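**Student:** In their complex positions, the first chains:
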Amino acid sequence: XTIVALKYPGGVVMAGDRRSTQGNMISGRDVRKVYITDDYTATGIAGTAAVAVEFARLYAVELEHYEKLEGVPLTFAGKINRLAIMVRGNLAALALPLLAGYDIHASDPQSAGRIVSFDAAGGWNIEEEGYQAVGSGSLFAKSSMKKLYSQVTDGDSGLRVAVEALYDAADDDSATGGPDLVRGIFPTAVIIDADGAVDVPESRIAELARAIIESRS
Amino acid sequence: XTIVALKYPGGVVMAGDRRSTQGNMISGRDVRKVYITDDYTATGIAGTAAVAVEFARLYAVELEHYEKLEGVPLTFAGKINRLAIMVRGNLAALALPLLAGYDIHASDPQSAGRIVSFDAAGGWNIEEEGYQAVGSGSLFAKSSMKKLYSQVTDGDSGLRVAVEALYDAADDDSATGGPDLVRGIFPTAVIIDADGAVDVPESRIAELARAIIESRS
Amino acid sequence: XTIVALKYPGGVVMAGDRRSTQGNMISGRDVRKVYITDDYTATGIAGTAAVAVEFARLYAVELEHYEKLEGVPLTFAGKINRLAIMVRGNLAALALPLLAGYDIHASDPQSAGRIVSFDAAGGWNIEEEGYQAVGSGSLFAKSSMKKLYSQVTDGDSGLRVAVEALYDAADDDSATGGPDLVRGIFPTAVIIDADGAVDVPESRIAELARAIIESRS
């Protein structure tokens, strides 16, 4: 299963496929793997439906809990810290999260986008290359973005590239689901800007999916 | 053994086979695997007679316990939460439950049916495909429902499909028991509508059993 | 070793052989494996002389302990629960018990007989087939009862079938002892009726034992 995130001028977009497998068997076609944990951040976990939720749910609680207690939200660094503590917490007890966020306190709003991923050992990492991907199709997704990223100029193209990357991942990896036109199921996405995190509507993604498909027929 | 559950307009039905094995030997013909946990929920476990009861008993106690303490029942989400907590509790102490329920707080009473299953690792999952099955015959049952689900329009057809699915599972899997006409033992079922969970009368089942048999003789 | 239990109209009977082995060697000819836990219940363990007693002793104490504390005896379900708890208690700390009992609170006194056995994992199970057997000869004993059970109409025939089943078990299994006519040692039995649980006299068993033997000579 693959999660993808990329920065565009003025935000980040993060998107994730809907498939989930138990070995070779397809055990899910509907799976939401990307969730909004707060006003300016969202997490994706390339894992079971339950892991992706149960994790975001917990993180979202921590973040808000802090805000209610202290009057203000954590700084972005703070947010990453608690995340990392939470991740190391579950590894001393392999669902590696991808965090996408927007730092309001950032001096420059164009590059306010943030992407943080976690390595095998629970160590965090900030992405300065502009994109990132985790999960079984992660390699194909990154290599596709490598070629397409030059074309990202706004949130809309950022969203297309993200969806194309997930298309390419599903194309070369069987554990990653592509757009099911028969059932009308597409990848989930989330967009973050100064305005804040927002779930991208199925409408637009299906619109985009089709156009990727037809662009290759 | 196999448990099966499917949504119908206005409810859910859940049913389970009556056989249990110890290796190749048949150790049970009478096994109840589906129990009504509360007024609007029921659990099936594809396991020993004892596991299925002991687990439902416990869960049912939790649910009612909460209601007596707080005056109202948990929201459906709540019920799933406690269930999942209980499941993860036992996996740190492979009987994976299938929960069928009716959400009265749901806006649309046609689709107030709910089915929740648990994965290898104790992670819960909500079924949006309309049916689900667990246990050794689960694959055959699911593939049978795939073909027959189009024919489900009320609680009575839902009940037939469920029973046929279990017939199909027993047909291709030796650990799942079919209808014993000699002994007059049939699968157990439960239906849950806006009127609550009810045990389906063994009379109703051996009606559908004979129907489904005679229809392939 | 084999323990056997069957329901007849108005009671249950339970009976158990007298052998015990240490590998191939015969280490006991006298072994009592069936004991009366309470007025209406008895347990048989297919195990060493000590295990059978020490277990029954403990159970009996639990049951009476509760009665002295609370003024009344546990319901049959309660009795099973405490038993099960006790069994699971010793499997964490493979002697699997067979409990025979009579439920006075039962609406119909003809079928107030109860048989409960335990699986490999300490899970209880109620017998609705009318008979049951545990131990190394258990398979032969059950398959003999399958054929003879039709002939059970009272406590006396129930007793003969039980003894024949134990004879058949000893016939095909070397770990189960048959009736030693040389030494005058026979299986022990117990009968539970509305009146109560009583030990069956050895003379009666011998009468049955001798009869089974010249009946196949």
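**Tutor:** Yep, that arrived. Numbering: from 1, shown residues only, chains lettered A, B, ... in the order given.
**Student:** Helices of chain A, residue ranges please.
**Tutor:** Shown for chain A, the helices assigned by DSSP state H span residues A:49-70, A:76-91, A:138-148, A:155-172, A:202-216.
**Student:** For chain C, what's the nearest residue on chain A?
**Tutor:** The nearest approach of chain A to chain C comes at residue A:93, 22.5 Å away (Cβ to the nearest Cβ). The C-beta positions use only the backbone N, C-alpha and C, and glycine is treated the same way.
**Student:** can you count the residues close to that residue?
**Tutor:** 6 (other Cβ atoms under 10 Å in any protein chain shown).
**Student:** which one is the residue in chain A positioned nearest to chain B nearest to, not counting chain neighbours?
**Tutor:** In chain A, the residue that lies nearest chain B is residue A:50 (2.9 Å; Cβ to the nearest Cβ). Sequence neighbours aside, residue B:123 is the residue nearest to residue A:50 in space, at 2.9 Å (criterion: Cβ to Cβ, 6 or more residues apart in numbering or on different chains).
**Student:** wait, doesn't that neighbour sit right on residue A:55?
**Tutor:** No - taking Cβ atoms under 8 Å as the definition, residue B:123 is not a contact partner of residue A:55, at 10.4 Å.
**Student:** residues from chain A in reach of chain B?
**Tutor:** Counting by Cβ under 8 Å from any Cβ of the partner chain, the residues of chain A lying close to chain B are A:22, A:25, A:27, A:28, A:29, A:30, A:48, A:49, A:50, A:51, A:54.
**Student:** Kindly reformat these as CSV containing neighbour count and distance to residue A:38.
**Tutor:** Putting the residues of chain A next to chain B into CSV (neighbours: other Cβ atoms under 10 Å in any protein chain shown; distance: Cβ to Cβ, whole Å) gives the following:
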residue, neighbour count, distance to residue A:38
A:22, 11, 32
A:25, 10, 35
A:27, 16, 30
A:28, 20, 26
A:29, 14, 28
A:30, 17, 24
A:48, 25, 23
A:49, 20, 21
A:50, 20, 21
A:51, 19, 19
A:54, 19, 17
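**Student:** For residue B:116, see how far away the residue nearest to residue A:50 is.
**Tutor:** 11 Å (Cβ to Cβ, to the nearest Å).
**Student:** what does residue A:120 give?
**Tutor:** Between residue A:120 and residue B:116 the computed distance is 32 Å (Cβ to Cβ).
**Student:** Another chain to add, chain D:
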Amino acid sequence: XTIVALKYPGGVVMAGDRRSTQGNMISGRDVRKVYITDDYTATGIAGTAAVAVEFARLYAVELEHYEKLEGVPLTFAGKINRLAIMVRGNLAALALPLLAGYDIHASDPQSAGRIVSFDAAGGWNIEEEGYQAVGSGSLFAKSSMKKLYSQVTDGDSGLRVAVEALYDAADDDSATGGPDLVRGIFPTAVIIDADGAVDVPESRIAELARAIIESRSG
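**Tutor:** With chain D now in place:
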């Protein structure tokens, strides 16, 4: 990955490559491995981006914590002690640190530079040879310094030798990254002197690296 440190007259310089690998795959090109723990000290760990920071962050907190509590900073020996305790602490519950520092309490300011490394078993070691390196490229880097160290006379030459050593490491070891001219990413460095620990501007390092690579290849 490789971290390198060497003493020059009046200070120490410590520099570290920017690569990180997951097996054969390149998982990072941007990685900062060398951080300033306090006013007169810095640590490099030849590890993941996270390990290098999380470790420095913890150490730096210990050092300052002690100072706010006691009014003064630990002696250099004290700093080493806490470090070692910390390292042995983590080998109970293989990221082996290289510590570069300047001892202000030292009698002679020319040789107030200090380099401490840790062995496989968490035992500290003071470098009296003038240079040191840890990580997969460590052997090549040390062998290059052996030949170049004679040329170190100030902080600037000390920095060039450090960079050239890291270039040699990257040249013979694939887990150590060289200067990426295409992406404009160069090794990070820190210089410690009587004035204090300072981050070396990517520009100076970039200039030296570019000088070596551009001339080396046209």
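**Student:** contacting residues around the residue in chain A that chain D sits nearest to?
**Tutor:** Going by Cβ to the nearest Cβ, chain D is nearest to residue A:123 of chain A, at 2.7 Å. Residues near residue A:123 by Cβ atoms under 8 Å, 6 or more residues apart in numbering or on different chains: A:84, D:48, D:49, D:50, D:51, D:54.
**Student:** and if we set it to 10 Å?
**Tutor:** Residue A:123 is in contact with A:84, A:87-88, A:117, D:20, D:47-54, counting by Cβ atoms under 10 Å, 6 or more residues apart in numbering or on different chains.
**Student:** what about the nearest residue to residue A:168 once chain neighbours are set aside, how many neighbours?
**Tutor:** Nearest non-adjacent residue to residue A:168, counting by Cβ to Cβ, 6+ apart: residue A:144, 4.0 Å away. Residues near residue A:144, counting by other Cβ under 10 Å, number 23.
**Student:** what residues does chain A put near chain D?
**Tutor:** A:81, A:84, A:88, A:92, A:117-129, A:139 (Cβ under 10 Å from any Cβ of the partner chain).
**Student:** Buried among these? Need that as a selection in ChimeraX.
**Tutor:** Those of these that count as buried under 16 or more other Cβ atoms under 10 Å in any protein chain shown are selected in ChimeraX with:
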select /A:84,88,117,118,119,122,123,124,125,127,129
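**Student:** follow-up on the earlier one: correct me if wrong: the residue nearest to residue A:168 contacts residue A:151.
**Tutor:** No - using Cβ atoms under 10 Å, residue A:144 is not in contact with residue A:151; the gap is 11.7 Å.
**Student:** Find the residues that touch each one of those two.
**Tutor:** Common neighbours of residue A:144 and residue A:151, counting by Cβ under 10 Å, 6+ apart, are A:161, A:164.
**Student:** hmm, back to that, which ones among the residues of chain A next to chain D map onto strands?
**Tutor:** A:117, A:118, A:124, A:125, A:126 (DSSP state E).
**Student:** Show me which pair in those is furthest apart.
**Tutor:** Taking Cβ to Cβ as the measure, those reach their widest spread between A:118 and A:126, a distance of 11.2 Å.
**Student:** list residues touching both of those two?
**Tutor:** A:99, D:50.
**Student:** Run through the residues that contact the residue nearest to residue A:168.
**Tutor:** Contacts of residue A:144 by Cβ under 10 Å, 6+ apart are A:4, A:131, A:133, A:137, A:161, A:164-169, A:171-172.
**Student:** The following sequence is to be added as chain E:
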Amino acid sequence: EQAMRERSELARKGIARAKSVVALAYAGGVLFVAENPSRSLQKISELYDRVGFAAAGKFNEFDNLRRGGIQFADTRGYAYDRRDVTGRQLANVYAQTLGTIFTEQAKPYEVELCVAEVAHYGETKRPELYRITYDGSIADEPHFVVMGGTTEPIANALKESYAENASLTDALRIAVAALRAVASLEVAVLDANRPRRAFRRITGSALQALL
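**Tutor:** Putting chain E together with the chains above:
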């Protein structure tokens, strides 16, 4: 003693300042009627299948007890049979708890509890009522129980107006009468007819009809 009578006073006073509550046996089963302004804070509650609970006094304290009761009950039911749970038993537990508090804590609970049991669906038995007081003393009256506020005016009112095996609608009037000495009322019953969960609260509109 002096320590001990001082505490007995503080308690007995605080209880005499709270709203009054009544529990009385009737043909249907036990009936609970308590004066209660609040619509969210409750003096009457289910405990287990066939046993209910009513208290008067300081809320935070008696509520706490109600919870511990439920806790204990549910646990026994799981560890034995559901039929192990009896009014007799739970009252006993409350007794030992209030008895302990009264002895060993800083302040005695200013409460008065009633645990009522009714017969299991099938069988016939005469409902049992228990009054546990601030000190752990446990009484078991056969007909009715009155707690909190000024009890005598209400106990006397019932003594004379009390007809056993009275109609629930009937018993309800008798009670509201004796209390005199309507959306200000919390009413509930422990009906014999319910197959398993006997507790049932009369919300109001259906409640108005009984009025």
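**Student:** Go back to the contacts of residue A:123, now with chain E?
**Tutor:** So residue A:123 contacts A:84, A:87-88, A:117, D:20, D:47-54 (Cβ under 10 Å, 6+ apart).
**Student:** Which single residue in chain A comes nearest to chain E?
**Tutor:** Using Cβ to the nearest Cβ, the single residue of chain A nearest to chain E is residue A:68, 23.5 Å away.
**Student:** is it true that residue E:144 touches residue E:156?
**Tutor:** No - shown here, residue E:144 and residue E:156 do not form a contact pair, counting by Cβ under 10 Å, at 11.6 Å.
**Student:** Looking only at neighbour counts, state which of these two leads.
**Tutor:** Taking neighbours as other Cβ under 10 Å, residue E:144 and residue E:156 compare with residue E:144 leading, 24 against 13.
**Student:** sorry, back to before: same list (the contacts of residue A:123) but as a markdown table, adding distance to residue E:95.
**Tutor:** Listed next are the contacts of residue A:123 as a markdown table, based on distance: Cβ to Cβ, whole Å:
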| residue | distance to residue E:95 |
| --- | --- |
| A:84 | 53 |
| A:87 | 51 |
| A:88 | 50 |
| A:117 | 61 |
| D:20 | 68 |
| D:47 | 65 |
| D:48 | 63 |
| D:49 | 64 |
| D:50 | 59 |
| D:51 | 61 |
| D:52 | 65 |
| D:53 | 61 |
| D:54 | 57 |
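**Student:** Enumerate every residue touching the residue of chain E found nearest chain C.
**Tutor:** Chain C sits closest to residue E:81 of chain E, with a gap of 3.5 Å, by Cβ to the nearest Cβ. By Cβ under 10 Å, 6+ apart, the contact set of residue E:81 is C:74, C:75, C:76, C:77, C:78, C:79, C:80, C:81, C:82.
**Student:** could you measure it against chain B, distance?
**Tutor:** For residue E:81, the distance to chain B equals 11 Å [Cβ to the nearest Cβ, to the nearest Å].
**Student:** Around the nearest residue to that residue once chain neighbours are set aside, how many other residues sit close by?
**Tutor:** Excluding the flanking residues, the one nearest residue E:81 by Cβ to Cβ, 6+ apart is residue C:78, at 3.5 Å. Neighbourhood size, residue C:78 [other Cβ under 10 Å]: 18.
**Student:** How about the contacts made by residue C:78?
**Tutor:** Per Cβ under 10 Å, 6+ apart, neighbours of residue C:78: C:63, C:66, E:79, E:80, E:81, E:82, E:83, E:84.
**Student:** What distance do you get for it to residue C:84?
**Tutor:** Counting by Cβ to Cβ - residue C:78 and residue C:84 are separated by 11 Å.
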